[PDB]
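A note on names: the letters A, B, ... follow the listed sequences, proteins ahead of strands, and every chain is numbered from 1. Basis for what follows: all heavy atoms, side chains included, without hydrogens, waters or symmetry-related copies.
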2 protein chains.
Amino acid sequence: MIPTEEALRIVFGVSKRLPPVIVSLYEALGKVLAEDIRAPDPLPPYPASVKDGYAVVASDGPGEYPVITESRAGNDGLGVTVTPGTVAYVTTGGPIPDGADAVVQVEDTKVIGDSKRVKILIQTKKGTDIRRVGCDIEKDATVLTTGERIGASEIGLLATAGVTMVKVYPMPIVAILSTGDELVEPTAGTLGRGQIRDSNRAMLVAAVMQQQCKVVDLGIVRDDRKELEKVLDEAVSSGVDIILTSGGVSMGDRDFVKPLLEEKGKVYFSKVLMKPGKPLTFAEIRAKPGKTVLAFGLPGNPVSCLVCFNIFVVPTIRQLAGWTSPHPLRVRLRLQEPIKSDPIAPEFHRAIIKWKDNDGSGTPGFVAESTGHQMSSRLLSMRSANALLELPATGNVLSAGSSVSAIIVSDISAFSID
Amino acid sequence: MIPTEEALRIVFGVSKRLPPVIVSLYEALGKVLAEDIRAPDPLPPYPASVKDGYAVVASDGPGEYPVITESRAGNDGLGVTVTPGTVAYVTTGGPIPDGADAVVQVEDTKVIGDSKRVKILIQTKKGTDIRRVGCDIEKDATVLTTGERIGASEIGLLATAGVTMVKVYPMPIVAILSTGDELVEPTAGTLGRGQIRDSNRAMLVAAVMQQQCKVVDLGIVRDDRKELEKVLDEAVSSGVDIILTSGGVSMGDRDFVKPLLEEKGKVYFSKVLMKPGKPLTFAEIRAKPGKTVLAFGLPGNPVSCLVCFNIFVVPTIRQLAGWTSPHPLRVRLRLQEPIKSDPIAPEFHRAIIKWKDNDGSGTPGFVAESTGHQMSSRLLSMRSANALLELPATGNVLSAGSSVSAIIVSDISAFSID
Ligand SMILES: Nc1ncnc2c1ncn2[C@@H]1O[C@H](COP(=O)(O)O)[C@@H](O)[C@H]1O
Ligand SMILES: Nc1ncnc2c1ncn2[C@@H]1O[C@H](COP(=O)(O)O)[C@@H](O)[C@H]1O
Ligand SMILES: [Mg+2]
Ligand SMILES: [Mg+2]
């Protein structure tokens, strides 16, 4: 039995970033860049107006002037020189004609006569409301770097730089199976004696889908050593990067996941000091030429299964996908109610957290409510839980208002407000 | 010109939740439930062992007993009665045979002889390590309610309850187009005079994809009133729920988005007191029978375009998708450097935030670094920005260490740690 901190260090040290691939612009969204991106031309590539108005010679000052050209885009005003005593109409983003050195916004002008004459109402300064060439992005500047995750603004920067095929780290492909003679499919209606619906598989498929990985659903496997070996061998040779099993890892006489992973590869650990999730097994299998496949023998209890996924599998998926910061967000928060910690193992207590203007202490902060009974068979304890409170193994009652560390397990930008 | 708080109230009051649909179990992930879900049978539906060990009559106490059956799943031990002086082998999740009232874990037992006899080493108590029928979920209990967002544990609860077709609120379908005679596709190589690559469209497509909505990409539209009217009429009749345009909303003589939205429907506002994002237009159009279509005339400047999407379009998508809490997460944080606020409009200053063990004041908390120059044409100011600092319109220099409100715009569970 090892502490969670050691089990995580072992998984981190074994897990390796996947080889990079080339994907299309929209396939790059959510992925980590595997190359730097440099601007092939400046932004703007021409001196551009910041305003709708008139391009002027700043030293002319207020007065009435003829409008000698109009510039909105492309070749508008090409070959025209704005000289002292003239002006040109411009729209925001329009190229500034040669000779003009400032822009006066349309609100500081007045059209005169029934042609093309305008009264400039202010004294402007050279460079006003003009974006010089390369103002926003210089030619050859690095706009994105290796190791940077691609979000909507990074997609915008790739499109600005004319990059439509991108080198990125791919997401791992994950195989998932359930084990047990007591399981039936979730489509089952009336249950026979000693049967339950398989809930872990669909839960894990959804959890892997939220991590943006492809899923290989290998179904229900019975408590038969030869049958489980065949499905594991088929998963290892299929090209997946991670295999997730659940169940078949306790102390029963038909629990074959641990001995099969010891036979096929290297089991680094099979027991972790934590509440819930004690029988977690982690192994590295080499596929026959070749490549490595990581295997997590997740506990069968629905709570322990999801908690082990959230703590151990999520950072592994991220490390394989090239994240330089794969750890989950940990924050400090105040308890809204008393919680008894466990005397033996540190507990990952499920909670519903929210940011409050007053966290109970007079300053704003996160607060947590327990999801109720924490029994590992009670999947209702995971319902709505956006965090796991890290309770040390003291056995004491942590009073309401005391502070604890919490791992945030669901989209902090999708948090329901107080 | 109206404040952002009013513009948001107007959008909220006009935006209506979409009609619910029936989807498959994995299509339900990320969606909001439009019906309550009740358990059709208890969990466990039979008295189940918590441990691998032996089912006993608690009052027998320590001693040597014959093993009369073995129970792991289904019909194992059906018709067998564990009487005083006997025991049954059980695995975790196995049905407890009739007559047995407690389980002694295998670590508190010893197999005796070369058949089927075991020594119970402890005095157990009635009910120990047994999950009674309905312990985790009672028959007919409500396990999920209308208005609840479906995550991995909620998928697990639907599978537990045997629900594979779910009534949910769908995501809106969003049409997106860019406007401008100066734009070229992002595939363009060498740019001609007065041209830039269209960056807003791919940025917005990515931003809508991150919100899990279907995208209708309507391409680049030129600064021609008849051409833009045709594309808007085609978008309105196509069945989309939201139309996003960018550009063509400033003070130029070829900016037709505002007058076209006034002609086609009801424009509620066209100017907002904010930095950046002043020319934001919002309208409601009725499609010819029928249904309503929401239109956002987003500003052309790349920064203003994305900031307006993050503040106004994200909560609208969420409201249409049935979220009861569509507002973004707002937190309080300390500045890592001084920032000058604007004297006229409240600014949405882009920042990179992280949670620190010491936020500078001695207590843990969020801290923020500015992304640098905030000019609305500088898309590099959005790069890596996971928050918008809400700076009031005071014109003062907010010193390093002072506290501000911040809107979190990117997955708080994907935050890079300190
Ligand atoms: N799709 C786009 N991508 C990048 N920049 C744009 C886009 N549309 C408009 N702009 C720029 O945003 C500014 C305002 O545009 P507009 O409101 O059309 O005058 C101008 O500098 C445009 O060149
Ligand atoms: N796929 C599954 N869905 C729901 N419960 C499960 C699943 N697999 C195992 N269990 C339960 O988890 C507990 C531990 O399983 P095991 O480790 O196989 O003994 C038992 O109560 C099982 O019935
Ligand atoms: Mg089992
Ligand atoms: Mg334009």
Side-chain angles (χ1 to χ4, degrees), chain A residues 48-55 67 69-77 88-95 105-107 109 111 114-115 118, chain B residues 174-185 192 194-201 204 216-240 242-270 272 277-287 292-302 304-305 308 313:
Chain A
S49 184
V50 172
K51 298 286 172 69
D52 302 292
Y54 293 83
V67 181
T69 188
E70 308 182 337
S71 188
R72 306 183 192 75
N75 290 318
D76 295 348
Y89 178 65
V90 288
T91 56
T92 304
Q105 71 195 343
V106 68
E107 296 86 348
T109 75
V111 167
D114 202 339
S115 297
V118 77
Chain B
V174 183
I176 304 173
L177 59 91
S178 283
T179 72
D181 293 352
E182 80 285 14
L183 306 177
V184 293
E185 294 294 329
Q195 299 179 334
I196 57 163
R197 293 185 193 85
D198 176 7
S199 64
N200 288 349
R201 187 155 47 90
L204 285 174
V216 175
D217 183 335
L218 298 179
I220 294 171
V221 183
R222 301 306 178 180
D223 301 318
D224 178 281
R225 197 189 199 278
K226 288 281 183 182
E227 185 179 326
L228 185 53
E229 178 173 38
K230 178 167 176 297
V231 178
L232 289 173
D233 288 344
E234 286 162 351
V236 166
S237 69
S238 73
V240 301
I242 300 173
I243 293 165
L244 304 181
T245 70
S246 79
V249 283
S250 306
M251 299 294 289
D253 67 346
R254 294 198 189 170
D255 282 353
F256 300 117
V257 170
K258 285 159 180 182
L260 286 169
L261 297 171
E262 290 167 353
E263 196 180 307
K264 265 98 256 294
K266 171 57 174 136
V267 170
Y268 291 86
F269 59 87
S270 55
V272 178
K278 179 210 182 186
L280 181 64
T281 299
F282 175 66
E284 180 186 20
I285 302 157
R286 159 125 270 149
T292 107
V293 183
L294 300 185
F296 292 89
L298 304 168
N301 278 308
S304 304
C305 180
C308 287
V313 183

Intermediate values then yes/no, side-chain contact (heavy atoms from CB on, under 4.5 Å), B:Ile243 and B:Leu232: CA-CA 8 Å; B:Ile243 293 165; B:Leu232 289 173; 4.2 Å; yes
May I have the step-by-step check of side-chain contact (heavy atoms from CB on, under 4.5 Å) for B:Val293 and B:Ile242, ending in yes or no? CA-CA 6 Å; B:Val293 183; B:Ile242 300 173; over 6 Å; no
Decide side-chain contact (heavy atoms from CB on, under 4.5 Å) for B:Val249 and B:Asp255; before the verdict, give the C-alpha distance in whole Å, the side-chain angles of both, and the deciding distance to 0.1 Å. CA-CA 5 Å; B:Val249 283; B:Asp255 282 353; over 6 Å; no
Might you work through the side-chain contact (heavy atoms from CB on, under 4.5 Å) test for A:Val67 and A:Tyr54, ending with a clear yes or no? CA-CA 8 Å; A:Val67 181; A:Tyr54 293 83; 3.8 Å; yes
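Contact detail for A:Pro95 and A:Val90: the closest heavy-atom pair is O-CG1, 4.3 Å. Nearest heavy-atom pair, B:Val257 versus B:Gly297, reported as atom, atom and distance to 0.1 Å: CG1-CA, 4.1 Å. Between B:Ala295 and B:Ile285, the shortest heavy-atom contact is CB-CD1, 4.2 Å. Residues B:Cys308 and B:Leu298 come closest through the heavy atom pair CB-CD2, 3.9 Å. When every heavy atom of A:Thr109 is checked against every heavy atom of A:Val118, the shortest pair comes out as CB-CG2, 3.9 Å. Looking at every heavy atom in both residues, B:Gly248 comes nearest to B:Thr179 through N-OG1, 3.4 Å.
Residues B:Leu280 and B:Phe269 form a side-chain contact, since some pair of their non-hydrogen atoms from C-beta on lies under 4.5 Å apart. Side-chain contact between B:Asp217 and B:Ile176 is absent, with no heavy atoms from C-beta onward closer than 4.5 Å. Counting only heavy atoms from C-beta outward, the side chains of B:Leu183 and B:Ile196 approach each other to under 4.5 Å.
No salt bridge links B:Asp224 with B:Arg254; every basic N to acidic carboxylate O contact stays at or beyond 4.0 Å.
Legend: side chain to side chain donor-acceptor pair (under 3.5 Å) pairs involving residues 243-252 of chain B, not counting sequence neighbours, sorted by first then second residue: B:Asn200-B:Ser246.
Within the 3.5 Å criterion, the main-chain N or O of B:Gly252 finds a donor-acceptor partner in the side chain of A:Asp52. Looking only at distances, no side-chain donor or acceptor of B:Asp181 sits under 3.5 Å from a matching main-chain atom of B:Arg222. Side-chain atoms of B:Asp198 do not come within 3.5 Å of backbone N or O of B:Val184 as any donor-acceptor pair. Looking at B:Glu284, its side chain never comes within 3.5 Å of a backbone N or O of B:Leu294 through a donor-acceptor pair.
Here the OG-CG distance, from B:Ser270 to B:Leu261, works out to 10.0 Å after rounding to the nearest 0.5 Å. To the nearest 0.5 Å, atom CD1 of residue B:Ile220 and atom CG of residue B:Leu177 are 10.5 Å apart. Atom CG of B:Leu260 is separated from atom NZ of B:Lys226 by 9.5 Å, given to the nearest 0.5 angstrom. Between B:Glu182 atom CD and A:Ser71 atom OG the span is 10.5 Å, to the nearest 0.5 Å. To the nearest 0.5 angstrom, B:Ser178 atom OG is 10.5 Å from B:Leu218 atom CG.
In terms of the salt bridge (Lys or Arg N to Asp or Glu O under 4.0 Å) criterion, residue partners of B:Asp253 (sequence neighbours excluded) are, by chain and number, A:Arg72. Under the side-chain hydrogen bond (donor to acceptor under 3.5 Å, both in side chains) criterion, B:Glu185 pairs with B:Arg201, sequence neighbours left out. When the salt bridge (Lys or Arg N to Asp or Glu O under 4.0 Å) test is applied to A:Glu107, no partner is found at least two apart in sequence or on another chain. Among residues two or more places apart in sequence or in another chain, the salt bridge (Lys or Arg N to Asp or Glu O under 4.0 Å) test is passed with B:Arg225 by B:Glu263. Residues satisfying the salt bridge (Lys or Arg N to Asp or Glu O under 4.0 Å) criterion with B:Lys230, sequence neighbours excluded, are B:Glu234.
Judged by a 6.0 Å distance limit and a 45° cone about the ring axis, B:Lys258 is not positioned over the six-membered ring of B:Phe256.
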